[PDB]
Amino acid sequence: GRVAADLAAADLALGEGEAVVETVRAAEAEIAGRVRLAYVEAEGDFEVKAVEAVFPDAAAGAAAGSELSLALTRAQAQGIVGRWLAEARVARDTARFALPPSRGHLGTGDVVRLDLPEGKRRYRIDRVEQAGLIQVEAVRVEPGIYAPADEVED
Amino acid sequence: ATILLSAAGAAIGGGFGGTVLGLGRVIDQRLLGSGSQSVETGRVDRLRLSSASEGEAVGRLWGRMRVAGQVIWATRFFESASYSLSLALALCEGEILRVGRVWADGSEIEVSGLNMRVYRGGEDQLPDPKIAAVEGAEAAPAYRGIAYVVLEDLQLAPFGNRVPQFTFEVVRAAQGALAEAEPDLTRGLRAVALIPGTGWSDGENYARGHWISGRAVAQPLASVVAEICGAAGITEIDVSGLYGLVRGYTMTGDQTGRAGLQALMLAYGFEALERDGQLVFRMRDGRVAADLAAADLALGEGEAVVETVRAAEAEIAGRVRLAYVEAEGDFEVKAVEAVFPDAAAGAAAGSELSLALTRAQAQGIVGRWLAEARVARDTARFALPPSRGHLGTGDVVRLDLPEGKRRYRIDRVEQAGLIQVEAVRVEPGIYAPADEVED
Amino acid sequence: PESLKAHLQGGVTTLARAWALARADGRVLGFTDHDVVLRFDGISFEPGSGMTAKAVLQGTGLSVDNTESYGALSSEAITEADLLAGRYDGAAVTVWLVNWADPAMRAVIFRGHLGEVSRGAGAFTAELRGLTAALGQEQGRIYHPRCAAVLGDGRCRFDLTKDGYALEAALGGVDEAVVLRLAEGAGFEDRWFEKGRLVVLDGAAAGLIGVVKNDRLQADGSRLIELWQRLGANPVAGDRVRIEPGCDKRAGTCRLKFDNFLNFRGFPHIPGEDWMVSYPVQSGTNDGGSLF
Amino acid sequence: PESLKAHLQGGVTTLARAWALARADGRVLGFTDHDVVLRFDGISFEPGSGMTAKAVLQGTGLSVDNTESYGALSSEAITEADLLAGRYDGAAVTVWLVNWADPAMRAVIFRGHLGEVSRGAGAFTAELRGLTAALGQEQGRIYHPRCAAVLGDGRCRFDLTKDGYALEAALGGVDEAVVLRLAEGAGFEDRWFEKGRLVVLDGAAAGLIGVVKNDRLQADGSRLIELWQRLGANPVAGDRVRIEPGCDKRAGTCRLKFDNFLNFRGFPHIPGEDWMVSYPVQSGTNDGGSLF
Amino acid sequence: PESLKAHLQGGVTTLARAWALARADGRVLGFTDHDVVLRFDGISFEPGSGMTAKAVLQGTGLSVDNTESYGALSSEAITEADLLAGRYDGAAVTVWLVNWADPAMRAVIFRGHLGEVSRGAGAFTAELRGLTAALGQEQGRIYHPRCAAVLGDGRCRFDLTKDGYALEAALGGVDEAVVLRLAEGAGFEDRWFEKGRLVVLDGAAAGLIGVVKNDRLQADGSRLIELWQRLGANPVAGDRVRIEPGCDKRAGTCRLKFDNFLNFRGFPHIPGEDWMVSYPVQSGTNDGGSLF
Amino acid sequence: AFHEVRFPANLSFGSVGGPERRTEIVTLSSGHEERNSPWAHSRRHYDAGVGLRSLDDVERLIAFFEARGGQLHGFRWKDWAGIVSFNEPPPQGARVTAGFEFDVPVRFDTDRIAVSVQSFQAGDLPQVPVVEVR
Amino acid sequence: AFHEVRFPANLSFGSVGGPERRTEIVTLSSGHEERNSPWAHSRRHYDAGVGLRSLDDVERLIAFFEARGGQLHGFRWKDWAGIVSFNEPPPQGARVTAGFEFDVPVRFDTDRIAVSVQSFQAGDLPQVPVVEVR
Amino acid sequence: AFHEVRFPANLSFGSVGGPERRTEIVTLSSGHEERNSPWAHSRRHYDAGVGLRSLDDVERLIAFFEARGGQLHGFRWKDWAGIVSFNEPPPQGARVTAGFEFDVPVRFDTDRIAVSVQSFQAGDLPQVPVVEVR
Amino acid sequence: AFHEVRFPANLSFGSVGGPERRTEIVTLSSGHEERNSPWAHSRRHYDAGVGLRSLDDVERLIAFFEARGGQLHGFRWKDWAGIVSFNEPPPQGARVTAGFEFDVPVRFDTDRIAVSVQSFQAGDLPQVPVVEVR
Ligand code: SF4
Ligand code: SF4
Ligand code: SF4
């Protein structure tokens, strides 16, 4: 989450859609309420296992799981799925703004502070298409997502 | 600077990724019509096997149908000296009725030979089985929702010495808040008795006989589709117009919710209408609600009162097929087909339904699809005014023309103050019993 | 339409669109095309916001209906500091089609669920997903060796207030809305609640749920607690939070910390694939035991 | 083009498009761009209808060619009461590119099959699927326990006129073109033909095929018969139908009602999956028998 | 940008785009928007060609970046007889964004790989695939019974000049650039090199690689050799080619013709599926042998 | 739909309007083509009315659009050009008159009107297109 | 299709119209061209008729569009410009006349007409295009 | 929203403006129509104001757009054309007046204005459209 | 392609036309750009001919379009502006003449023509664009 940009709202360029910051919030019906893995046991007899992380308020649906073929331990797998369930609900918000080539040193993977009148929410950026007007599809990223979960082991 | 030919790239992603967000299949799409996109549904499980991994999902079923189960808490092999185990096979969730007729890998084993302790999987939270006092009480699992079946001192001698794949006939009553109101047999009976007795025999009148052996299990179609929306969380579900018997449907876990329901929309054909926020599930009939003349349509977008599309002859599904489950005998995958006599030259279009139904019924269903899919070739694309907006999205229009007076059931109503309709041709006589003989 | 057909079959008609959305919080909001504030239920529909009403679609198929519903955000209205923080997510709407001359002549076009809201340029655009949004999602349990339910769930009932389990104390030291100092840290174990509900019931974030992590008390019962995610509304160092205890969703942490090991709803033993294709060798341990 | 290159290499050319479609019935229809009625074969191409001729496409791949062929429907023409009832389905076309000055200077662009016809606004638009329409379809038998063939088929030849099997009688009481009274019901068993061909050879529906169901005679040999689907053209209570007998496509109904049990083309026994993975237990019945 | 931010934060800026592509041959080409020829490295960027610079895109995902880079082809430039013959295929570019007032104020937007070049109407349009083009391709060996490597490869080092193996002789009789007569045919076996590298190092096709087939000497050591494909540039019956010997990539042809059977990198025996599910019958040959 | 009044009397020289026919048409690229119409009548489709009087006439004219107008009401229209037939062909017109004596109930083809002031008392508005909805 | 009458006699100066062809064309980009004609005939395509008389002539003209018109009937058209040939080239016209003596049966190219009032008795309409359907 | 002043007094001959409606409409293609009105009111929608005075009047007019304008304020508008009703039909207008005596609070329909110099002291600007936001 | 006649003699003042060059062009956004043409000739591309005589000249002019015209025939064209070279540069024109003496065979750039009647005897048609196809 190490912020490189610090844009104010006054410092965005004039976009294509003639909105300084188009902000999309994704659907509640698709937020991945519970996430799953298919890691490999990596300590014992190497076997396919699964852990899941369940968000306490909305556990009513949206199971979204994936399968990773690598091998990792038991507290680490619950750490990863604990990280995705936090991130996939953080990454609901996406921003679609344009910033001028006066500051073109915002590389395609940097993260923008983006001061607003209401919020001051960070945004990591994707899909930079410039042609002399850097237009950005950002996505909401918080710093505290990328931490150890500090869980006990098996 | 100018833009490249990723103008085609930004036209797709996410130029078309926004669509399916807010939205064999060879015969699945025609039966739902223009309708909506038919989700992949019910690749029927043949050779039901039990995998003891950790990534298989919890199955669900409604009625008399075999399910594989999977191993949870097997003890070590015990040599008497020629082996013995203590399995526990977890079948499905929810409170069930009893499990009878266990057959392992191969033909059949007698349940009297076993020491199995079945469990309903009650939300009442059944205690420990005490065969898990191998583990001890302090780590004994006490499964609440799932309905596990333990096996005690199972001799692995007759089937090799390996563990055999066990498969279990399970009877599960349809549950959910709409099911506990309006009780059908499975608790509605409240004591039937009257066992005929009076003792190879006279079973030729069993399909017409008053006694209710066997078919007392089968849940009404009203509560099973209510169980789906209940598990999905839609309690606003309206299902009084449904009239069908399920007899052992089975969808697995992570079967999308709707894709389990969509197999029923092919069998019993019902609307899933949603006039209002009730999401009315009515059985599809030809009962005409509109009676439009040709003079009473609105001015459409394409400036044609009625655009009428007739589909290609090369794709009419000349012969249709199923993959139902036997539902009377040993539950096995079977197939019937209906062949139209004039054009049998091609267009085989089959699909697979994972439910269980009898022999004359399967030839009845495929006889219904082959008639309907050739009826539903004609689609109409007209616009009707908001002066009569009470044409709900699933109603059927008489649509008087100068030449024909052909009915049309409607789909894809997009109004904005001008109800524009993609209808489809539907006749009333399609939805009848075929009246065929049995096996 | 429900018995306004007498009004509607005449070409002289006057049906002005209007709708109410009920937020996850108990308050509703009113919206109308009629340009005059009107009401029929106790909702007080305001034409100050909302209401472009673009093209509700339908389908006999399980696919949802949709309406983008362009409008305006303002201080009386949604105001977008409310929206960004995490409200209006599962907001339930009913669209109505009322007669403004007589609001007793109305019906519901659909009852929606308002999935995707895109706000920008001083306005908002909110896709109204249809009644069938919940269908089309995966629901199931996968026999994993943890638990599967939340604390309040029916599959594991707990009586979460039954003793000194919940930490009811009012908040101080909110910092960057992830760290929370909490004046009354003392009263519980260190690292007692690690997966709990930080329901904040006062002030700015009213009834907003976050999840705790790193329950550590540094000195004299401070109890500095992190969260996974921002609350989205800053608490004001005077709010009252309550934190339910943390469940690791494991058999050892189940029975030790909590009494409710009976209502487990989990799958602890679950032997494995290599057990299944194994044939029994007649060597070494082949007596009845735990297999653990 | 076939040896009109001498005509065509000159810039002064006059090739006017024209095509004939042959319906499933024996009659053909003529269409031309030339604006004057012309013919080279006995087809009499009429410029009164058809003929916009938009952009025939090609491909070395098995995918079909296409031409939407916008035109007009009229009483001399297709007339759309003919089209809606079920004709023009497998209609075969040839598009030509004739010289109107000399119609012996012509070729075929493609020979098509006219798949999708969309009529509307007093006109019709008919997609001309290419020569390779039949490829791209599934053809096969799936070892199912019924039969697999129709009565006239080569895999089960029957001689369908060999006795009093067919019911040749003229029709009365057509009602809603699904129920048919039939004055001469008497002559056959009750429920004799349940899957047969209701070929109607006179009147409005000339040579039109439907399928029977519910062969029931109510009183004095009425023989009220339903159909699966509408004929699409109303019979006029004087037409002549013939109904071939009904085959249930089952071994019992094969050999009893019909003599042709030899030409079965079906798979009656077909043991099952559970037989296949079964190992032979040495208990109970293990002697040679039917397994039925 | 790299420390031109002092230049760039001012609204008065003058950054003119410019790029260099390095061909597979050692020469580079220069291109700029500045309309005056400028250089900073020894590249001499020419504004005579290239340079429309349309919309470089980006992505954190592994998907490539793209820029279509419309321009002009001319005799100084790409000239398209160079391009069609097989050059500029894996041409590597760097796009720069130089200050024309001071070319020491520059950076790289991306370093590309120029995948798809579409030339037409006297111009060329060349899609600049991004840095991650190689990802997204399948690389692997499939245990097939041949070899898997080329002659120069690290997995089979050969020292391809170690004896009289290579045929260094200058070319005559180029005909249609597939047949090559070759004056000095004599010196080797008949059909010695059947899969070799026809590197042509002089004249028109300079450093261009084709593959041989049909190494046949007809009379007095002619050695008429075909190729699979055209060279794309006509050799002028005076060029010098060298042809490395042909490897059939088989164990017999490996060890006999070449000494390097040790460095095989192939899988000769590879028993089969039917061996795997076979259970050992106790009949016939069941002693240890080749299984071949 | 009303029966309220004809109109203000004044109409400027140029009040255009004539019958409008659906005339769905196929336009075969060969040559001659067929056509049909589903009306069996003709929307008279009068346009280009102009009010020109004093400003005393304007306030009874701007609310003519507003009060009994709105959008969706009759205001029977006077034509300067009970069943009337047209016998100048051997065919016939035979077009009905729901209102008496050429009064043709209509509606204005405008979301807004635009009245101008051209002098201390001059009130003008350039067009009020109608279509005579039944 | 009718044989009813020519037209009202009056036609203003400017009644334009001349024959058509489709004659689609490829324009081979590196040399000359080659072009095809599918007609062997020509649509005469008369336009820009204007009725100008008293208002007594107007009511027999507005229902000329309506009564025998509708959309789909003949009303044989008089040209101010049985087979006629054109012999001023060594080629030939040889264009047929289904009707007698330059009478060219047509149809109006309009969904609506637009008659104007120019003074107390002046009736004008600016255009009535035709194409002479067979 | 303000209550600041009417306007500069000068308005040229041609200051056009009249009420609006949305009144969306379906035009049932085989007969008459049916049409809905969601307003019960009308946007008065005045356009085409022109300031014409000396350059002394211009600097109090260009900052009229700027100072109390910005974009989003009232500046009550004077009509040369508390509830007013219109009784010339048997229907009624009954349209409210939030401001007193025809003062119709508005806003300018412009992102920019365009004042011109016509002579040493002539100041002109061709149009300032308004719509009377509530 | 014919050799039939030049044309009617009359051509009005304004008969425009000059050579048309493919001139495929790249327009590099840097600056200077290259170009090439594949003709080595120039389509002369004459436009805006006007016939103006009596109506006796019109019937030999309307069938000039029709009889020897159709669309796809020569009718050698007279220029009011065997190999001709242009020597006023040190370069050369060297453009061929397939027909003799500036006669430039063409074709009309029209699907239809449009002849007007302007008085009892006046025949006019506004344009006949050609392009001199080889
Ligand atoms: S540990 Fe106990 S209380 Fe916690 S989630 Fe698991 S079963 Fe529920
Ligand atoms: S029953 Fe006999 S005649 Fe009938 S379809 Fe089967 S094989 Fe053919
Ligand atoms: S035969 Fe030998 S030298 Fe040739 S490719 Fe195989 S390993 Fe390499």
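Residue numbers (the authors' numbering), protein chains in the order written: chain D, 831 to 984; chain D', 2 to 24, 38 to 95, 112 to 229, 745 to 984; chain C, 4 to 295; chain C', 4 to 295; chain C'', 4 to 295; chain B, 2 to 82, 157 to 209; chain A, 2 to 82, 157 to 209; chain A', 2 to 82, 157 to 209; chain B', 2 to 82, 157 to 209. A prime marks a further copy of an entry chain.
The C-beta atom is built at its ideal place from N, Cα and C for all residues, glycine as well.
Check your understanding: Does any heavy atom of ligand 4 sit closer than 7 Å to the C-beta of C':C159?
Key -> Because ligand 4 does not appear in the structure shown, any question about it cannot be addressed here, the ligands present being ligand 1, ligand 2 and ligand 3.
Review point. Do B:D184 and B:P204 have their C-beta atoms within less than 8 Å of each other?
Key: Position 109 of the sixth sequence holds residue 184 of chain B. Position 129 of the sixth sequence holds residue 204 of chain B. The answer is yes: Cβ separation under 8 Å.
Check your understanding: Looking at C-alpha atoms only, which residue of A':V27, A':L56 and A':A68 is the closest neighbour of A':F3?
Key -> For the purposes of this step, residue 3 of chain A' is taken as residue 2 along the eighth sequence, with counting starting at 1. The shortest C-alpha separation from A':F3 is found at A':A68.
Practice item. Excluding the 5 residues preceding and the 5 following C':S286 in the sequence, name in chain order all residues of the same chain whose CB lies nearer than 6 Å to its CB. Key: The residue labelled residue 286 of chain C' in the question sits at position 283 within the fourth sequence. If we look at C':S286 and ignore the five residues flanking it on each side, it has no Cβ neighbours.
Exercise for review: Return the residue from the list C:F264, C:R90 and C:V280 that minimises the CA-CA distance to D':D158.
Suggested key: The residue labelled residue 158 of chain D' in the question sits at position 128 within the second sequence. The shortest Cα separation from D':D158 among C:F264, C:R90 and C:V280 belongs to C:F264.
Practice item. Anything in the stretch 10 to 29 of chain C with a Cβ closer than 9 Å to a Cβ of chain B? List those residues in chain order, please. Key: Going along the stretch 10 to 29 of chain C in chain order, one finds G13, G14, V15, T16 and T17 with a Cβ nearer than 9 Å to chain B.
Exercise for review: Specify, as a first and last residue, the run of the beta strand (DSSP E) that D':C122 falls within.
Suggested key: Taking the second sequence and counting its residues from 1, one reaches residue 122 of chain D' at position 92. First-last of the beta strand (DSSP E) with D':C122: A118 to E123.
Check your understanding: Given that B:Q167 touches chain A, what residues does it touch there, using C-beta distances under 8 Å?
Key -> Taking the sixth sequence and counting its residues from 1, the one referred to as residue 167 of chain B is at position 92. In chain order: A68.
Check your understanding: Can you tell me whether DSSP reads D':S142 as helix, strand or coil?
Key -> For this step, residue 142 of chain D' is matched to residue 112 along the second sequence. DSSP places D':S142 in coil when its eight states are reduced to three.
Practice item. List the residues of chain C'' whose Cβ lies closer than 7 Å to the Cβ of B':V27, in chain order. Key: Looking up residue 27 of chain B' in the ninth sequence gives position 26. Close to B':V27, with beta-carbon spacing below 7 Å, are these residues of chain C'' in chain order: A75, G125 and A126.
Review point. Hey, would you say D':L115 sits closer than 8 Å to D':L46, going by beta carbons?
Key: For the purposes of this step, residue 115 of chain D' is identified with residue 85 of the second sequence, where counting begins at 1. For the purposes of this step, residue 46 of chain D' is identified with residue 32 of the second sequence, where counting begins at 1. Cβ atoms of D':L115 and D':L46: not closer than 8 Å.
**Study point:** B:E21 at chain C' interface by Cβ criterion, 8 Å
**Key:** Mapped onto the sixth sequence, residue 21 of chain B falls at position 20. Contact with chain C' is absent for B:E21, since none of that chain's Cβ atoms lies less than 8 Å from the residue's Cβ.
**Study point:** Contact residues within the stretch 129 to 146 of chain C'', judged by C-beta distance below 9 Å to chain D
**Key:** Answer in chain order: no residues at all.
Exercise for review: Could you tell me whether the Cβ atoms of C:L117 and C:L134 are closer together than 8 Å?
Suggested key: Position 114 of the third sequence holds residue 117 of chain C. Position 131 of the third sequence holds residue 134 of chain C. In terms of Cβ geometry, C:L117 and C:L134 do not form a close pair [threshold 8 Å].
Check your understanding: How about D':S67: is its C-beta nearer than 8 Å to some C-beta of chain D?
Key -> Translated into the one-based positions of the second sequence, residue 67 of chain D' becomes position 53. Closer than 8 Å to some Cβ of chain D, the Cβ of D':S67 qualifies, so yes.
Review point. B':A173 CB to nearest chain A CB: under 8 Å?
Key: Walking along the ninth sequence from the start, residue 173 of chain B' turns up at place 98. Chain A contact via Cβ: absent.
Point to revise | Reference C':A23, options C':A56, C':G167 and C':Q12, closest by Cα | key: The residue given as residue 23 of chain C' occupies position 20 in the fourth sequence. Of the candidates C':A56, C':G167 and C':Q12, C':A56 places its Cα closest to the Cα of C':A23.
Review point. Just to check, is the beta-carbon of C'':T97 closer than 7 Å to a non-hydrogen atom of ligand 1?
Key: Translated into the one-based positions of the fifth sequence, residue 97 of chain C'' becomes position 94. No.
Check your understanding: What do you reckon, is the C-beta of C':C150 under 7 Å from a heavy atom of ligand 3?
Key -> The sequence position of residue 150 of chain C' within the fourth sequence is 147, counting from 1. Not so, every heavy atom of ligand 3 lies at least 7 Å from the Cβ.
**Study point:** Candidates A':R7, A':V59 and A':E21, of which the one nearest A':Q193 by Cα
**Key:** Along the eighth sequence, read from residue 1 onward, the residue named residue 193 of chain A' stands at position 118. Comparing alpha carbon positions, the residue from A':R7, A':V59 and A':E21 closest to A':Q193 is A':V59.
Check your understanding: Which residues, in chain order, does the stretch 35 to 50 of chain A contribute to contact with chain C' at a C-beta distance below 7 Å?
Key -> Against chain C' - using a Cβ distance shorter than 7 Å - the residues of the stretch 35 to 50 of chain A are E35, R36, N37, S38, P39, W40, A41 and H42.
Point to revise | Interface flag, A':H74 vs chain C, CB-CB below 8 Å | key: The count along the eighth sequence starts at 1 and reaches residue 74 of chain A' at position 73. Contact of A':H74 with chain C is not assigned, every C-beta pair being separated by 8 Å or more.
Practice item. Given a cut-off of 8 Å, decide if C':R200 and C':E171 are closer than it, judged by their beta-carbon atoms. Key: Counting from 1 along the fourth sequence, the entry for residue 171 of chain C' is found at position 168. Counting from 1 along the fourth sequence, the entry for residue 200 of chain C' is found at position 197. The Cβ atoms of C':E171 and C':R200 lie no closer than 8 Å to each other.
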